[PDB]
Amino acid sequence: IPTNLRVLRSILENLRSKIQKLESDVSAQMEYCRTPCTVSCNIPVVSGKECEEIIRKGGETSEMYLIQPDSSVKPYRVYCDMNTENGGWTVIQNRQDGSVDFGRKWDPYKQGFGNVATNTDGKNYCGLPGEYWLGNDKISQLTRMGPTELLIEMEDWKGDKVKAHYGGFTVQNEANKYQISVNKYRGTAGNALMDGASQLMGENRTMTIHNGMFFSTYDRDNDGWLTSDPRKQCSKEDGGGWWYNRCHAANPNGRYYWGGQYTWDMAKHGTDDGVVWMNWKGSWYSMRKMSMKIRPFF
């Protein structure tokens, strides 16, 4: 009873202040959002079906390029990595800061969102990639032109790096719910996609395989979790659009936790919703960098 009312008050008042601080932070931000951010990306002359054709055509620098995978639709912007693993990599996903929101609905994920590239300062062209999702229709169309390999890279907050390479990667069209398929793995990050979390056993490990899964968003449940409570859905809890099973071993489109380490009592729904890759850092570490790139196989 004594010191009890002493501390219990030192909390209520401390918290009442934190709230005012948050109210102001959010109020300032809402103000900054009256004006948009801007980029100026002059377009390279050299173009092609994808980034591998561009590199072969002489495009040597990493920056945004215009590509036309097919004469059906209009050419579109993309960031090409021409230095990593012999270049010719078309980036379809990228996380590096937390500049973009990835907890989006089905339509945005179908059409693509985020910023493909930004200005490298004192440069008329955009040589730095932004954070974005290319878009499921475009991803599917790209992986269906011919055999395709997938390169996944990540980095922790200390600078250590690992990768996951899949010699085969395909995403079906929307009619098949953008179903995924990957094979021929080789890497140092752990084959999370085909095998599921390594620190899990039997059935529990199996329900984290992504290979074979359909795509899901918080407003479109196609996961491998059979349930009734509309709240119990991988996308709603783990916060991103992804080929969720029940639920994941890797959540590259998760929430961007600053610093890396986070706890269940920090997560919105109490789950490991960060930019995760269990097979390397477990569920409670959120990568500093994450990206997915593709390139015609051969």
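So that the term is clear: the rigid core is the largest set of C-alpha atoms that superpose within 1.5 Å between two forms. All residue numbers refer to positions in the sequence shown, first residue = 1.
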- Query: When the other structures are laid on this one by the rigid core, do the CA atoms of 246 to 254 or of 233 to 241 sit farther away in 4 other deposited structures of this protein?
  - Reply: 233 to 241
- Query: Which is farther from the shown form in 4 other deposited structures of this protein in C-alpha RMS with the core fitted, 82 to 90 or 221 to 229?
  - Reply: 221 to 229
- Task: Report the stretch with the higher mean CA temperature factor, choosing between 91 to 99 and 115 to 123 on the basis of the entry.
- Result: 115 to 123
- Higher-scoring stretch by recorded Cα B factor average, 20 to 28 or 283 to 291: 20 to 28
- Note on the structure: Listed options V171, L150, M201, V78: highest C-alpha B factor recorded at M201
- Message: Per the entry's Cα B factor values, which of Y256, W264, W243, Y65 stands out as the maximum?
- Response: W264
- B-factor third for the C-alpha atom of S71 within its chain: highest
- Message: Considering every modelled residue of the chain and its Cα B-factor in the PDB entry, is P230 in the lowest, middle or highest third?
- Response: highest
- Of the three thirds of the chain ranked by Cα temperature factor, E85 occupies the highest
- Rank-wise, by C-alpha B-factor, drop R205 into the lowest, middle or highest third of its chain. highest
- Query: Against its chain's modelled residues, does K163's Cα B factor rank lowest, middle or highest third?
  - Reply: middle
